Amino acid sequence: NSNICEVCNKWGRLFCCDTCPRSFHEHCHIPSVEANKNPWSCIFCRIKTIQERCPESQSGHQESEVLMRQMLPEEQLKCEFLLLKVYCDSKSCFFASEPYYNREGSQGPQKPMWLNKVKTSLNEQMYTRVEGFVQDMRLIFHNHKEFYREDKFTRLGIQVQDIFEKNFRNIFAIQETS
Ligand SMILES: [Zn+2]
Ligand SMILES: [Zn+2]
Ligand SMILES: [Zn+2]
C-alpha cells in the first residue's frame, strides 16, 4: 500500500485498502474509515464495483435526470466520492471550514456554505436527492465569486469549481458535449 494518504498526501495513522494500494487517514476517507470490516474496500474500489456490476451505468446521462435521483445507497456513495475528489485538491483548504465575511465594499452571502458542512449533511442523510448535494456544492463557489468580486482571489473559486464539475461529469457519466 501507499505510505501517504490519498486525499491530503501526508503520512500519519493510515488505514489501508485491501483491494487496491491506496491509504487513508480516518477522517480523510468519506465515509470515515469503518471501525471493523476485514477485508476493507475504500470508496474508489466501491465505485469501481458499481460500474463493473452495471457497465451500462457509464453510458451518457442528462444532468437534469441525475439531479432528480433520490439519494438511494448508490447515489449517496457517488456524492460521497465526488466530495472526496474535491478534498483531494489542496485548494479545497480555502472552502473546508466555516467562512467569515468582512471586506470593504462587499457584503457576505445570504447562505454561507462550506465543505465540512456538506460532509456533515451527507453523513446525517440530510439530502433526499442528488440535486440537494450539487446545489450546496455549487453555492460554495458562487458565494466566493460574488464576495471576492474583482480580487484575483476569486480565481480559487473557479479553480476548485472546475475540479468539482469535471468529477461530477465523470462520476455520474454525464453525456459528453461541445
Ligand atoms: Zn489525509
Ligand atoms: Zn481501494
Ligand atoms: Zn446491469
# chains A, B, ... in the order shown; residues from 1 in each chain; ligands from 1

$ residues_around --residues "stretch 29-39 of chain A" --least-positions-apart "3" --cutoff "7 Å" --atoms "only C-alpha atoms" --output "number ranges by chain"
A: 18, 24-26, 80-81, 84

$ residues_around --residues "stretch 61-66 of chain A" --least-positions-apart "6" --cutoff "7 Å" --atoms "only C-alpha atoms" --output "number ranges by chain"
A: 130, 173-175

$ residues_near_ligand --ligand "ligand 1" --cutoff "12 Å" --atoms "only C-alpha atoms and all ligand atoms" --output "ChimeraX atom specification"
/A:3-16,22-30,32-33,84,87-90

$ write_last_selection --atoms "C-alpha atoms" --output "CSV table (one decimal), in the first residue's frame"
chain,number,residue,atom,x,y,z
A,3,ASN,CA,2.6,5.3,2.6
A,4,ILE,CA,0.8,8.6,2.2
A,5,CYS,CA,-3.0,9.5,2.5
A,6,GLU,CA,-4.6,9.5,-0.9
A,7,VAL,CA,-6.6,12.7,-0.1
A,8,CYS,CA,-4.2,15.0,1.8
A,9,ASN,CA,-0.8,13.4,0.7
A,10,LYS,CA,0.6,13.3,4.3
A,11,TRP,CA,1.8,10.4,6.3
A,12,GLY,CA,0.4,9.5,9.7
A,13,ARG,CA,-2.1,6.9,11.1
A,14,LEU,CA,-3.2,5.4,7.8
A,15,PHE,CA,-5.8,2.7,7.1
A,16,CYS,CA,-5.0,0.6,4.0
A,22,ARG,CA,-4.5,3.4,-1.5
A,23,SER,CA,-4.3,4.5,2.0
A,24,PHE,CA,-6.3,7.0,4.1
A,25,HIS,CA,-6.4,9.0,7.3
A,26,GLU,CA,-9.5,8.0,9.2
A,27,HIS,CA,-11.5,11.3,8.6
A,28,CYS,CA,-9.9,12.0,5.1
A,29,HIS,CA,-11.8,9.0,3.8
A,30,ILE,CA,-15.5,9.6,3.1
A,32,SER,CA,-14.9,7.9,7.8
A,33,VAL,CA,-12.9,4.6,7.7
A,84,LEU,CA,-13.8,13.3,-1.6
A,87,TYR,CA,-10.9,17.4,-0.8
A,88,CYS,CA,-8.2,15.7,-2.8
A,89,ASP,CA,-7.2,19.1,-4.3
A,90,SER,CA,-5.1,21.1,-1.9

$ closest_residue --among "A:156, A:139, A:115, A:77" --to "residue A:49" --atoms "only C-alpha atoms"
A:77

$ select_by_dssp --residues "stretch 10-172 of chain A" --states "strand (DSSP E)" --output "list in words"
residues 14, 15, 16, 23, 24 and 25 of chain A

$ write_last_selection --atoms "C-alpha atoms" --output "short mmCIF file (atom, residue, chain, number, x, y, z; two decimals), in the first residue's frame"
data_model
loop_
_atom_site.label_atom_id
_atom_site.label_comp_id
_atom_site.auth_asym_id
_atom_site.auth_seq_id
_atom_site.Cartn_x
_atom_site.Cartn_y
_atom_site.Cartn_z
CA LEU A 14 -3.23 5.37 7.78
CA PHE A 15 -5.82 2.66 7.05
CA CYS A 16 -5.01 0.59 4.04
CA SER A 23 -4.31 4.51 2.02
CA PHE A 24 -6.26 6.99 4.14
CA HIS A 25 -6.42 8.95 7.27
#

$ closest_atom_pairs --of "chain A" --to "ligand 3" --cutoff "8 Å" --atoms "only C-alpha atoms and all ligand atoms" --output "JSON lines"
{"residue": "A:53", "atom": "CA", "partner": "ligand 3", "partner_atom_place_in_ligand_line": "1 (Zn)", "distance": 6.0}
{"residue": "A:54", "atom": "CA", "partner": "ligand 3", "partner_atom_place_in_ligand_line": "1 (Zn)", "distance": 3.7}
{"residue": "A:55", "atom": "CA", "partner": "ligand 3", "partner_atom_place_in_ligand_line": "1 (Zn)", "distance": 6.2}
{"residue": "A:56", "atom": "CA", "partner": "ligand 3", "partner_atom_place_in_ligand_line": "1 (Zn)", "distance": 6.4}
{"residue": "A:57", "atom": "CA", "partner": "ligand 3", "partner_atom_place_in_ligand_line": "1 (Zn)", "distance": 7.7}

$ write_last_selection --atoms "C-alpha atoms" --output "PDB file, in the first residue's frame"
ATOM      1  CA  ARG A  53     -21.745  -4.696 -11.951  1.00  0.00           C
ATOM      2  CA  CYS A  54     -23.637  -2.393 -14.367  1.00  0.00           C
ATOM      3  CA  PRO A  55     -21.463  -1.444 -17.349  1.00  0.00           C
ATOM      4  CA  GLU A  56     -24.371   0.492 -18.920  1.00  0.00           C
ATOM      5  CA  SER A  57     -24.232   2.891 -15.941  1.00  0.00           C
TER       6      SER A  57
END

$ closest_atom_pairs --of "chain A" --to "ligand 2" --cutoff "6 Å" --atoms "only C-alpha atoms and all ligand atoms" --output "tab-separated table"
residue	atom	partner	partner_atom_place_in_ligand_line	distance
A:17	CA	ligand 2	1 (Zn)	4.7
A:19	CA	ligand 2	1 (Zn)	5.0
A:20	CA	ligand 2	1 (Zn)	4.0
A:22	CA	ligand 2	1 (Zn)	5.7
A:41	CA	ligand 2	1 (Zn)	5.1
A:42	CA	ligand 2	1 (Zn)	4.1
A:44	CA	ligand 2	1 (Zn)	5.3
A:45	CA	ligand 2	1 (Zn)	4.3

$ write_last_selection --atoms "C-alpha atoms" --output "mmCIF file, in the first residue's frame"
data_model
loop_
_atom_site.group_PDB
_atom_site.id
_atom_site.type_symbol
_atom_site.label_atom_id
_atom_site.label_comp_id
_atom_site.auth_asym_id
_atom_site.auth_seq_id
_atom_site.Cartn_x
_atom_site.Cartn_y
_atom_site.Cartn_z
ATOM 1 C CA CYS A 17 -7.358 -0.571 1.300
ATOM 2 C CA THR A 19 -8.416 -4.295 -2.805
ATOM 3 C CA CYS A 20 -6.174 -1.503 -4.004
ATOM 4 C CA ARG A 22 -4.475 3.372 -1.548
ATOM 5 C CA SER A 41 -12.501 -1.744 0.495
ATOM 6 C CA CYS A 42 -12.105 2.069 0.005
ATOM 7 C CA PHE A 44 -12.525 4.158 -5.063
ATOM 8 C CA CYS A 45 -12.936 0.368 -5.022
#

$ select_by_dssp --residues "stretch 2-132 of chain A" --states "alpha helix (DSSP H)" --output "MDAnalysis selection string"
chainID A and resid 43:53 63:67 73:87 93:96 115:123 130:132

$ residues_around --residues "residue A:162" --least-positions-apart "6" --cutoff "10 Å" --atoms "only C-alpha atoms" --output "PyMOL selection string"
chain A and resi 86+141+156+168

$ write_last_selection --atoms "N, CA and C atoms" --output "CSV table (one decimal), in the first residue's frame"
chain,number,residue,atom,x,y,z
A,86,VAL,N,-13.1,16.5,-4.4
A,86,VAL,CA,-12.8,17.9,-4.2
A,86,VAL,C,-11.7,18.1,-3.0
A,141,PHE,N,-18.9,27.8,-4.4
A,141,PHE,CA,-18.1,28.6,-5.3
A,141,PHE,C,-18.8,29.8,-5.7
A,156,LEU,N,-9.6,31.2,-7.1
A,156,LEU,CA,-9.6,30.0,-6.4
A,156,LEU,C,-10.9,29.3,-6.4
A,168,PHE,N,-17.9,15.6,-11.3
A,168,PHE,CA,-19.4,15.4,-11.4
A,168,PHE,C,-19.7,14.7,-12.7

$ closest_residue --among "A:165, A:131, A:146, A:136" --to "residue A:108" --atoms "only C-alpha atoms"
A:146
